[PDB]
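Heads up: the protein sequence lines correspond to chains A and A', in order. A prime marks a further copy of an entry chain.
If you use PDB author numbering, the first sequence corresponds to residues 3 to 99, 112 to 365, in order.
If you use PDB author numbering, the second sequence corresponds to residues 3 to 99, 112 to 365, in order.
Yeah, the Cβ is synthetic: ideal placement off N, Cα and C, and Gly gets one too.
Here the structure comes first, spelled out in structure tokens, and everything after it is commentary.
There are 2 protein chains.
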Amino acid sequence: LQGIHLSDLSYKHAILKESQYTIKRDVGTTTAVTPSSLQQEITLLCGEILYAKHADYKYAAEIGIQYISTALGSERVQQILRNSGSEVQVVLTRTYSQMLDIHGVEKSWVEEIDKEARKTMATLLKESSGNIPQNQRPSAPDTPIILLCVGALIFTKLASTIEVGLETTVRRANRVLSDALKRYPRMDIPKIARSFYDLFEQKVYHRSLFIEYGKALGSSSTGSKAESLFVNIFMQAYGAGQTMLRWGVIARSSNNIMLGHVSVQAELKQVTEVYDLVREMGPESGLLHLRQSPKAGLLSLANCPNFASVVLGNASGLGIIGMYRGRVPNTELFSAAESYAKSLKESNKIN
Amino acid sequence: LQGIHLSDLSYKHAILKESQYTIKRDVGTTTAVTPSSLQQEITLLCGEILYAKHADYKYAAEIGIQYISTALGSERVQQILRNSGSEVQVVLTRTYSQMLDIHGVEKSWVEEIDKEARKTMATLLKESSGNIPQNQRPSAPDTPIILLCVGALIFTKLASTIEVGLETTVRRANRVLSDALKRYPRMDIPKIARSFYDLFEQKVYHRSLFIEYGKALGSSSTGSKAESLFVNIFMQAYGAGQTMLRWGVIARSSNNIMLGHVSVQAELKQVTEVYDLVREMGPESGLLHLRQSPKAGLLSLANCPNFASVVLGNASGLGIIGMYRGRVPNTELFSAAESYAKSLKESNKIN
RNA sequence: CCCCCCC
RNA sequence: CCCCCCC
RNA sequence: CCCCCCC
């Protein structure tokens, strides 16, 4: 009975990876970028969104992506979009009287944001004593990263739902971005997060662009505190869409007794197959659900209901499960694992 | 008695694989493709099938395959058809006044579908408040993938019968494609599935084309949620036509006691030969029955009636057998294995 | 189909 | 988010 | 001959 072995998942991944033909999508579409020579101007825009109370926050995400394009460069951004499987033709950004003319972003919107910000600045300078510090002004060099930090907060919740994503973004940005909120008292995290979620859902190649910025930022030798915060949040998104695997390795670390049942031990083989596929893909496996790589779903543990039920029960026992919305297929294993997990958490045993 | 060994199955596969002559079929036949430059138009057609209630859904499968041809490209599609063992001459697609002239698809049909869809859109715009969202319109970019998702649902049931295939397609598409059904309330999954089943049976080289699209989609770096769903369904088709091998590895994982009988232990040698042949073919072994590769049938376990009966009994005991229509040759082994499988399922043993 | 918590 | 002492 | 279930 040693030879009765199939290895289906490795074969599926081998089929998906070994393709001699490249897909082509978004052939007739275009997107906007801004060259690095305009970074000092786009920073202003990315900051002129933050300290004023704007009626429409619709294209804030596009301005954050514009700053990313200034950071990497226009040619590198076109190359990134091309290697992301999307045949989008980059459209460059121009200036006019100065202000920016970003493609697909109406000049009325940019003018409205700039005018609202100028009026707010004049009002806060006229009434107050005219002692605006260097960090409270729109031309601060970390304002684009503060906007991209809200974007990165909503990036970590792209596997989740829209409403859960917005609530988590607001809750976490009131604390993660407390200093920016103090510097810019009137920044509407809900609307900016909504804009970023809309951008990430509509233009999926910008997820790849956004990921490339994270790499280009994490590999840098120096950075401000805003960029370090952005990288911290960006890395919090790494295992997005695959929390079941993380809870499985947690259960294995917990030495759950219900892991030794007959059905769990029956499915452990294909479970180890899923983990081997994770290792096979390597570093980019974590970014599969963030990118909406169609290859995602090879890492699903839905084909092991007893293992999934035991792991969710262990998570519920440790209190980790929180408000996870997954299904528990086998309730008896879930409850038994929960009981053991509570017993282990409550008990204090030292070796 | 160590040398009394034959290895017939390896020899049969060696004969089949090591052929110096290539077959030629469909020599005088032609098929239609659409170049990528028309993708933005074909998308419309692939979506103009979905939100209107059409009398004839006869060539919907050809429109899905046309979108696949736009995605891969005309030259790559001709090459795919050539390497699939079929000498079909590709015929390109043209436009006229705009609409498409697909070869083998009557222009009356295309005009009828377009006119029905335009009339339905006008009716739903005139009566309603004229607030059609961006996902409910025919020009949505995931509509071709929604049609190909119905096609992929009927693709997983190509080893099954036509009626079972259509019933499963409707049942699964009311749930898998619930969001598309909400977006397009009036999409007739039965008729579209019938069209796709007819296409897959008549033109078998389009199975190879359809498989190539799955690879070109699974290997992509990014994709929409529709394409991820399509790849999920496409991978659900992987072991099609070979569920007996999957249930055999399930039985081995279950540690069924009836595996140790004399006749089961007698046939385990050639059973392991079948599994070794699976490993020998490698990743493409799963796609043999989907492709109707004549080499399929080397993976049949019909020459091991006692092993097949024990495995089917184990499956019936675990409740996995469902409504499987295979034959049980040896009823005593089937019943004994079923009894042990029920006993193991009912019993909760933890190591 | 998949995903779904907290940081 | 992270960091946080003494030398 | 083979295939045949569910997701």
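Does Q91(A) come out as helix, strand or coil in the three-state DSSP assignment?
strand
Listed by chain order, chain A' residues near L18(A) by CB distance under 7 Å:
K229, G232 and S233
What residues are listed by DSSP as bridge partners for residue 109(A)?
Placed between 99 and 112 in the numbering, residue 109(A) has no coordinates, as chain A goes from one to the other without interruption by modelled residues.
Which word fits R221(A'), buried or exposed, when buried means at least 16 other C-beta atoms lie within 10 angstroms of its C-beta?
buried
Taking its Cβ as the centre, do 16 or more other Cβ atoms sit within 10 Å of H7(A'), making it buried, or is it exposed?
exposed
Answer with yes or no whether the minimum CB distance from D193(A') to chain A is below 8 Å.
no
Can you tell me where the alpha helix (DSSP H) with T345(A) in it begins and where it stops?
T345 to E360
Determine the direct distance from the alpha carbon of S299(A') to that of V263(A'), and round the result to whole angstroms.
16 Å
Among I168(A'), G232(A'), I206(A') and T157(A'), which one has its Cα closest to the Cα of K196(A')?
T157(A')
Please decide whether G179(A') counts as near chain A, where near means a Cβ-Cβ distance under 8 Å.
no
Can you tell me which of the three DSSP states residue 111(A') falls into?
One cannot assign coordinates to residue 111(A'), given that chain A' in this structure leaps from 99 to 112.
Just the C-alpha distance for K60(A) and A166(A), rounded to the nearest angstrom, thanks.
17 Å
For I364(A'), list the residues DSSP reports as bridge partners.
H275(A)
Any contact of the region 213–233 of chain A' with the region 278–297 of chain A, i.e. 3+ C-beta pairs under 8 Å?
no
If you reduce the DSSP assignment to three classes, tell me which class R151(A) lands in.
coil
Can you give, in chain order, each stretch of the alpha helix (DSSP H) that sits fully within the region 153–238 of chain A' and has at least 4 residues?
157–169, 176–190, 192–197, 203–216 and 219–232
Residues of chain A with CB closer than 8 Å to the CB of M337(A'), please, in chain order.
Simply none; closest approach about 20 Å.
Please compile the residues from chain A whose C-beta is within a distance smaller than 9 Å of the C-beta of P297(A').
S12, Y13, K14, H15, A16, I17 and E20
C-beta neighbour in chain A' for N344(A), strict 8 Å:
no
Go ahead and label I25(A') buried or exposed: buried means 16 or more other beta carbons lie within 10 angstroms of its beta carbon, across all protein chains shown.
exposed
With 16 other CB atoms within 10 Å as the buried threshold, where does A316(A') fall?
exposed
If you run the structure through DSSP and keep just helix, strand and coil, what is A34(A)?
strand
Evaluate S234(A') with the Cβ neighbour count: other Cβ atoms within 10 Å of its Cβ, from every protein chain shown; 16 or more gives buried, anything less gives exposed.
buried
Under 7 Å (Cβ pairs) to chain A', residues found in the region 273–284 of chain A:
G274, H275, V276, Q279, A280 and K283
Per DSSP, which residues does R27(A') bridge with? Please list them.
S88(A')
On the criterion of 16 or more Cβ atoms from any shown chain inside 10 Å, does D10(A) qualify as buried, or is it exposed?
buried
What residues of chain A' sit near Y219(A), judged by a beta carbon separation below 7 Å?
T236
Which residues bound the alpha helix (DSSP H) around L139(A)?
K121 to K140
For residue 102(A'), report the span of its alpha helix (DSSP H) as first-last.
Absent from the coordinates is residue 102(A'), which sits in the stretch where chain A' moves from 99 straight to 112.
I17(A') in three-state terms, based on DSSP:
helix
Hey, out of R132(A'), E130(A'), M135(A') and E215(A'), whose CA is closest to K171(A')'s CA?
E215(A')
Just the Cα atoms here: how many angstroms apart are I335(A) and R260(A)?
12 Å
Which residues bound the alpha helix (DSSP H) around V263(A')?
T257 to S268
Span of the alpha helix (DSSP H) around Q42(A)
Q41 to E50
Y69(A) by DSSP, collapsed to three states: which one?
helix
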